[PDB]
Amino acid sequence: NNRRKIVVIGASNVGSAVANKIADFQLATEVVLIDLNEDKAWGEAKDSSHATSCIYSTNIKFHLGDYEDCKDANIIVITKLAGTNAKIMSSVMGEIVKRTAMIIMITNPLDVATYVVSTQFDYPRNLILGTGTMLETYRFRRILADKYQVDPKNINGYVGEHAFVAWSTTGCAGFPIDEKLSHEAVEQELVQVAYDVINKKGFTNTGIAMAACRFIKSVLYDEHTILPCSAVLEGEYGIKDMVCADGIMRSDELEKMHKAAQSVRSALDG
């Protein structure tokens, strides 16, 4: 089969940002939008189908669909608060398993939703992946970029729950990051921006969409990239309970990691 179909469950802000970016980057032959409001998914797909009709965009098949479209889907994107999200995962995941494929997790809480779909159903663990702290990484690379006027791509390292930057693994242009900069100030600037965008913009659809496209490009091109993604831990860094075409392959600072593990654990119990 010379076709690549990526399904996007949930056709809201983030949902339309992920599908539109998939069409802009041309990462799929057919894009299906699933959502309770079929009118929203159809309109978003129909409007996207017009964009794909441009002279520079490939003829990507955008159209409304159902869970049946997950059968031939190369990737399936899923777009007190923890329990409600888990209930949604039980419905979409219950249908995906009934029909089949890599599953990219976006719906929030991310760490919780990714855990629900990775333990409550009989799906290959490698095919389950959540954006995780990939967004915080993008933000971390942007904070230091605007601080010293340097390409964000220079900023290296990862950023826990989608919430701590591992300064030991970070480095710009090959050397450590370091008036004077404050390691706690950068962390404070991260949590504030995470609250300012949602408060001033109303949602975060562009960053999440780009982070999702990165994982899509990794799974589609089998790059074997080591990126901060969500995955049920199995003793990694004393905590328990590589992005490729076949899913996931292998994997003071330690205190913050365990602190986040205790935060998600409390959410898992609730």
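Position 1 is the first residue in the sequence shown; the rest follow in order.
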Deposited residues omitted from coordinates between residue 251 and residue 252, as a class:
4 to 9
Can you say how many deposited residues have no coordinates in the span between residue 178 and residue 179, choosing none, 1 to 3, 4 to 9, or 10 or more?
4 to 9
Can you tell me whether 208-216 has a higher mean C-alpha B factor than 224-232 in this record, or the other way round?
224-232
Would you mind comparing 141-149 and 118-126 for me and telling me which has the higher average C-alpha temperature factor in the entry?
118-126
Sorting by Cα B-factor within the chain, modelled residues only, which third would residue 22 end up in: lowest, middle or highest?
lowest
Cα B factor band for residue 101 (lowest, middle or highest third within the chain)
lowest
Entry-reported Cα temperature factor of residue 74, expressed as the chain third it lands in
lowest
According to the PDB entry, is the CA B factor of residue 39 in the bottom, middle or top third of its chain, that is, lowest, middle or highest?
middle
Relative C-alpha B-factor of residue 47, binned into the chain's lowest, middle or highest third
lowest
